[PDB]
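Peer 1: Quick one: the structure is below, and I'll ask about it shortly.
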Amino acid sequence: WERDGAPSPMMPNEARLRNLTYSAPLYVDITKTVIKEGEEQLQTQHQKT
Amino acid sequence: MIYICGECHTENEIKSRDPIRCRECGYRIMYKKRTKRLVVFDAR
Amino acid sequence: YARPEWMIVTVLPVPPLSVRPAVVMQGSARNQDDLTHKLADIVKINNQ
Amino acid sequence: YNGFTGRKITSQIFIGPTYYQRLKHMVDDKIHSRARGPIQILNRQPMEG
Amino acid sequence: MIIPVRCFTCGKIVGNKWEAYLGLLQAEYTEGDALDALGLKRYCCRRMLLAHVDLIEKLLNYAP
Amino acid sequence: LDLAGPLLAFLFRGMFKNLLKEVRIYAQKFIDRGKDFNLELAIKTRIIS
Amino acid sequence: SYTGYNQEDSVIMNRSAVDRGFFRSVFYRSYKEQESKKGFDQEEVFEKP
Amino acid sequence: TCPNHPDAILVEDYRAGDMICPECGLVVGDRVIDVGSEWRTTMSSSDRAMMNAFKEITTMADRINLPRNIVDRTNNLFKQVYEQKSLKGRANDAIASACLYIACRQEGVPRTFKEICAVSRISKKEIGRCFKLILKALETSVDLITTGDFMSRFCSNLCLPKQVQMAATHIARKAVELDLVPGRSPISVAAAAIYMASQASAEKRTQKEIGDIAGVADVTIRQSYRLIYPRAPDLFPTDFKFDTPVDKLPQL
Ligand SMILES: [Zn+2]
Ligand SMILES: [Zn+2]
Ligand SMILES: [Zn+2]
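Take a look at the structure:
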C-alpha cells in the first residue's frame, strides 16, 4: 500500500529493494448471530474480514 | 540531478524538496545517473 | 576504619560526573545515566 | 625446469588441472592495526573509531 | 561471466575462440576435436574453453 | 522435522487465539456498556501481521 | 616444494596468471540510510552540508 | 583553546578523537572527542494513557494500511496535544483519531473524516470537534484538501485503470478551475469526476460503487455529476480514448 493508500502487487525484488515484507493479506468470513430473548434471531455475515 | 526509473527507465530531473517518484511511470524506485566526472582505470 | 553506625546510610554520596556521564543521543538531548535517574528519584523523595 | 636457473628439477613434479576456489576470507578484510586510538569516554579505554 | 581474453597459464589469446568453439560444436564436432580445430594444443588453453561458463548470455536477459 | 509450514502453524494458533481473545475483550466492554459492537473495529490486525 | 613459500598449508600463485584475471573477483558492499522525521524538533534530511 | 593561540578553532581529529590547534599542531584534549559515538561512519497515568493511545493509533493505522511515518507523525501530535492538555476533557480515542487525520493531511495523503471514522469507534462528528481543537492547541494548520488528493486511493480501490484515474483527476481539477461546482466538497467532486470518467471507459462503476469507496451518498454524487455533465467534452483530457462517446454519457 502506497502512501496514498493505493494497493499494488508487491514484487519480491521491490520488497528486497525497498525493505518490505513479502506478505499477503488474510481475510476471514465471519458470521455474527445475536439473540435478544425476543424470539427473533438476526444473523449478519461480514464477508472477507 | 537525473534519476532513472527502475520500471520504465525514464530520466527525470528531480529537486531535493519534491517527492521522489517517476513523473510518468509513478514508480517509486529511482536510480541516480552515472556521474559526469571522469574516472581513470588502469587496465591491470 | 569501620564503625557499626557508619553502616547506616545517614548521608548518601553522589558519584562524580566522570563515574556517570551525560550521554548525547538524538542530537543535543542529553541522555542521563541510570544513576542520575535514581539520583533524581532519591533527591525527590529526600526533599519530600 | 627451474624458473630461476632453467635446470631440470631432479624430481618429476605432479602437475595437472585441479578445481580451486577463492574463499571469502581476504587479508584486507582482516588486517587491522591500533596505535593510540579513540578510547571510550566513560571507560577511558580503547574502542573502534 | 565472459570468455577470458588470455589463457591464464600461458597468455595465449582465447577471447576470439568462444564463438568459433560454439559454432564448431554446433557442427557436430566433439569438444576435443573443436579445440584441436581452434589451435588449442596445450591443455591449459583447452581448459579455458572446455571449462568456460558463459553467464553473460543470461545476464543479457535482464533489461537494462 | 518441523518445516516452515508446521512451524508457522504453531505461531498462527497462538496469534489467532490472541485475536479471538482480543475481540472477546473488545466486545465484552461494549456489551456490558449496553451498546452493540462493530466487528471490524474489534479485530486487531497487528496481532497476526 | 618450490621455494618454501607453500609450507604449512600455504600456496604459491602465478603472478602472471593473476595479472590475466585468474581468480579476480568483485566485492559489493551496499549501504542503506533512511531519514526519519520522528520528533517535531528534529527532522533529518538528505543534503550535502 | 591553544594556550599559544587564544580563541583558536580547534580541528576535530578522528585518528584518536582529539581537538588540535588549527595552526599549531598542539593536541588540546587527549582523546576527548569520542569519535565512535559522534560520527555515524508502576506506570504513570499520563504515561499509561499515552501508551494506550499509541496502541490505538497503531491499531487504527493497520486497518487502512497507513505507513509507519504517518503513525510516527500522529504519535508526535498526540504528545504535543496531550502534554498541552487543552483537550483533557475529550476522550483519548477521539484525540488520537483527530491526530491521525491531521497526520494524514500533513503528509500530503489526506483521508476523509469518514475514512478515519470507519477505523475508529469515535464518530465523525467527534473527530471533527477534536480536529479543530487540536489545531488551536498546536497553533498549526493543514493545507486545504483537493480533488486529486483522493483520486489515487479511490480509483485504485475501484479497480479502475490508470487512464481512467488520469481522466478522473483531470476532470475534477478542470471542474474546480472552471468553478462548475462552487461550494461542493472536494470528495463529492472527486466521486462525481470518477463516475464521469468511469462511465466513459470499458470499466464502468455504478453510482453506489463509487459512493461506498468515496464515502459520498449516491445522491450527492448525482448532484455534483449533474453540474459537470453539461461541460463533459471540455473537462475530459484532450488525449483521451472514449469507449462510450461523451455525447452518450449517462444523463441524470
Ligand atoms: Zn517509470
Ligand atoms: Zn594456455
Ligand atoms: Zn597554536
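Residue numbers (the authors' numbering), protein chains in the order written: chain Z, 99 to 147; chain F, 15 to 58; chain X, 242 to 289; chain D, 1029 to 1077; chain B, 1 to 64; chain H, 393 to 441; chain P, 784 to 832; chain V, 14 to 54, 106 to 316.
Each residue gets a CB set at the ideal place from its N, CA and C atoms; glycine is no exception.
(1) Measure the CB-CB distance between residue 200 of chain V and residue 299 of chain V and report whether it falls below 9 Å.
(2) Do residue 132 of chain Z and residue 140 of chain Z count as a contact pair if the criterion is CB distance below 9 Å?
(3) Here's the rule: buried if 16 or more other CB atoms are within 10 angstroms of the residue's CB, otherwise exposed. What is residue 234 of chain V?
(4) Using a C-beta cutoff of 9 Å, does residue 436 of chain H count as contacting chain V?
(5) When DSSP labels each residue in this structure, what does residue 52 of chain B get in the three-state scheme?
(6) Quick one, which of V/169, V/194, V/213 has its alpha-carbon nearest residue 151 of chain V's?
(7) Whose beta carbon lies closer than 5 Å to any heavy atom of ligand 3, going through the chain in order?
(8) In the DSSP assignment, what are the bridge partners of residue 825 of chain P?
(9) Residues of chain V with CB under 7 Å from residue 116 of chain Z, in chain order?
(10) Counting Cβ pairs, one atom from each stretch, are 3 or more of them under 8 Å apart for the stretch 40-52 of chain V and the stretch 113-128 of chain V?
(11) Report the option in V/163, V/22, V/181, V/253 whose CA atom is closest to the CA atom of residue 430 of chain H.
(12) Any contact between the stretch 157-177 of chain V and the stretch 398-409 of chain H? By contact I mean 3 or more CB pairs, one from each, below 8 Å.
(13) Mapping the DSSP letters down to three states, classify residue 271 of chain V as helix, strand or coil.
(14) Which stretch, first to last residue, makes up the beta strand (DSSP E) that contains residue 144 of chain Z?
(15) Provide the residue span of the beta strand (DSSP E) that contains residue 44 of chain F, from first to last.
(16) Under 6 Å, CB to any heavy atom of ligand 1. Which residues pass, going along the chain?
(17) Starting from the Cα of residue 316 of chain V, find the closest Cα among V/26, V/303, V/288 and give me that residue.
(18) So residue 59 of chain V packs on residue 198 of chain V, CB below 8 Å; how close in whole Å?
(19) Can you tell me where the beta strand (DSSP E) with residue 33 of chain V in it begins and where it stops?
(20) Using the beta carbon as the reference atom, which residues fall closer than 6 Å to any heavy atom of ligand 2, ordered along the chain?
(21) Report yes or no: do three or more beta-carbon pairs, one from the stretch 35-50 of chain F and one from the stretch 21-32 of chain V, lie closer than 8 Å?
(22) Which of helix, strand or coil does DSSP assign to residue 273 of chain X?
(23) Tell me, please, whether the stretch 1063-1072 of chain D touches the stretch 30-44 of chain V by the rule of three or more beta-carbon pairs shorter than 8 Å.
(24) Ends of the beta strand (DSSP E) at residue 17 of chain F?
(25) By the criterion of Cβ-Cβ separation under 8 Å, what are the contact partners of residue 136 of chain V in chain P?
(26) If you measure from the beta carbon of residue 808 of chain P to each beta carbon in chain B, is any gap under 9 Å?
(27) Touch check for the stretch 108-117 of chain Z and the stretch 219-232 of chain V: three-plus C-beta pairs under 8 Å?
(28) Cα separation between residue 110 of chain Z and residue 119 of chain Z?
(29) Listing by chain order, which chain P residues have their CB less than 8 Å from the CB of residue 9 of chain B?
(30) For a contact defined as C-beta to C-beta under 8 Å, what are the partners of residue 105 of chain Z on chain V?
(31) Please report the Cβ distance between residue 18 of chain B and residue 49 of chain B, rounded to the nearest whole angstrom; I am assuming they are in contact, meaning their Cβ atoms lie under 8 Å.
(32) Answer yes or no: do residue 171 of chain V and residue 137 of chain V have a C-beta to C-beta separation smaller than 9 Å?
(33) Helix, strand or coil: how does DSSP classify residue 13 of chain B here?
(34) What is the DSSP secondary structure of residue 147 of chain V, reduced to helix, strand or coil?
(35) Looking only at its own chain, which residues have a Cβ that is under 6 Å from the Cβ of residue 304 of chain V, when we skip the five neighbours before and after it?
(36) Which of the three DSSP states is assigned to residue 133 of chain Z in this structure?
Peer 2: Here's the rundown:
(1) Sequence index remark: in the eighth sequence, residue 200 of chain V carries index 136 (1-based). Sequence index remark: in the eighth sequence, residue 299 of chain V carries index 235 (1-based). Their beta carbons are not under 9 Å apart, which means residue 200 of chain V does not touch residue 299 of chain V by this criterion.
(2) Translated into the one-based positions of the first sequence, residue 140 of chain Z becomes position 42. Translated into the one-based positions of the first sequence, residue 132 of chain Z becomes position 34. A contact, by the Cβ cut-off of 9 Å.
(3) Counting from one through the eighth sequence, the residue named residue 234 of chain V turns up at place 170. With 16 or more Cβ atoms within 10 Å of its Cβ, residue 234 of chain V is classed as buried.
(4) Here residue 436 of chain H refers to the residue found at position 44 of the sixth sequence. It does: the Cβ of residue 436 of chain H has a partner Cβ on chain V nearer than 9 Å.
(5) As a working note, residue 52 of chain B is residue 52 in the fifth sequence. DSSP places residue 52 of chain B in coil when its eight states are reduced to three.
(6) Mapped onto the eighth sequence, residue 151 of chain V falls at position 87. Selected option, being the one with the closest Cα: V/194.
(7) V/15, V/17, V/18, V/34, V/37
(8) Your numbering for residue 825 of chain P matches position 42 in the seventh sequence. Answer by DSSP bridge pairing: none, since residue 825 of chain P is not bridged.
(9) Residue numbering aside, residue 116 of chain Z sits at position 18 when the first sequence is read from its first letter. By Cβ distance, chain V contributes nothing, its closest Cβ being about 11 Å from residue 116 of chain Z, past 7 Å.
(10) no
(11) Here residue 430 of chain H is taken as the residue at index 38 of the sixth sequence, counted from 1. The candidate whose alpha carbon is nearest that of residue 430 of chain H is V/181.
(12) no
(13) Here residue 271 of chain V refers to the residue found at position 207 when the eighth sequence is read from its first residue. Correct three-state label for residue 271 of chain V: helix.
(14) Start at 1 with the first residue of the first sequence, and residue 144 of chain Z comes out as number 46. Looking at the DSSP string, the run of the beta strand (DSSP E) that includes residue 144 of chain Z is 139-144.
(15) Locating residue 44 of chain F in the second sequence gives position 30, counting from the first residue. Its beta strand (DSSP E) spans residues 44-46.
(16) F/19, F/21, F/22, F/24, F/36, F/39, F/41
(17) Position 252 of the eighth sequence, counted from the start, is the residue given in the question as residue 316 of chain V. Among V/26, V/303, V/288, the Cα nearest to that of residue 316 of chain V belongs to V/288.
(18) In the model as presented, chain V runs from 54 straight to 106, which leaves residue 59 of chain V without coordinates.
(19) Residue numbering aside, residue 33 of chain V sits at position 20 when the eighth sequence is read from its first letter. Per DSSP, residue 33 of chain V belongs to the beta strand (DSSP E) from 31-33.
(20) B/7, B/9, B/10, B/12, B/42, B/44, B/45
(21) no
(22) By 1-based counting over the third sequence, the position of residue 273 of chain X is 32. DSSP places residue 273 of chain X in strand when its eight states are reduced to three.
(23) yes
(24) Residue 17 of chain F sits at position 3 when you count from the first residue of the second sequence. Taken as a continuous stretch (DSSP letters only), the beta strand (DSSP E) holding residue 17 of chain F covers 16-19.
(25) Counted from its first residue, the eighth sequence places residue 136 of chain V at position 72. Within chain P, the residues near residue 136 of chain V are 819, 820, 821.
(26) For the purposes of this step, residue 808 of chain P is taken as the residue at position 25 of the seventh sequence. No - not a single Cβ of chain B is within 9 Å of the one on residue 808 of chain P.
(27) no
(28) The residue you call residue 110 of chain Z lines up with position 12 of the first sequence. The residue you call residue 119 of chain Z lines up with position 21 of the first sequence. Using only the alpha carbons, I get a separation of about 9 Å.
(29) Here residue 9 of chain B corresponds to residue number 9 of the fifth sequence, with the count starting at 1. 797, 800, listed in chain order.
(30) Here residue 105 of chain Z refers to the residue found at position 7 when the first sequence is read from its first residue. Near residue 105 of chain Z (Cβ distances below 8 Å), the residues of chain V are 129, 220, 221.
(31) What you label residue 18 of chain B is simply residue 18 of the fifth sequence in a count that begins at 1. What you label residue 49 of chain B is simply residue 49 of the fifth sequence in a count that begins at 1. Contact holds; Cβ gap of about 7 Å.
(32) For the purposes of this step, residue 171 of chain V is identified with residue 107 of the eighth sequence, where counting begins at 1. For the purposes of this step, residue 137 of chain V is identified with residue 73 of the eighth sequence, where counting begins at 1. A contact, by the Cβ cut-off of 9 Å.
(33) Taking the first residue of the fifth sequence as 1, we reach residue 13 of chain B at position 13. Residue 13 of chain B falls in the strand class under three-state DSSP.
(34) Your numbering for residue 147 of chain V matches position 83 in the eighth sequence. The answer is helix: DSSP assigns residue 147 of chain V an H, G or I state.
(35) Position 240 of the eighth sequence holds residue 304 of chain V. Contacts found: 231.
(36) Reading the first sequence from its first residue, position 35 is the one you call residue 133 of chain Z. In the structure shown, residue 133 of chain Z sits in a strand (DSSP, three-state: E or B).
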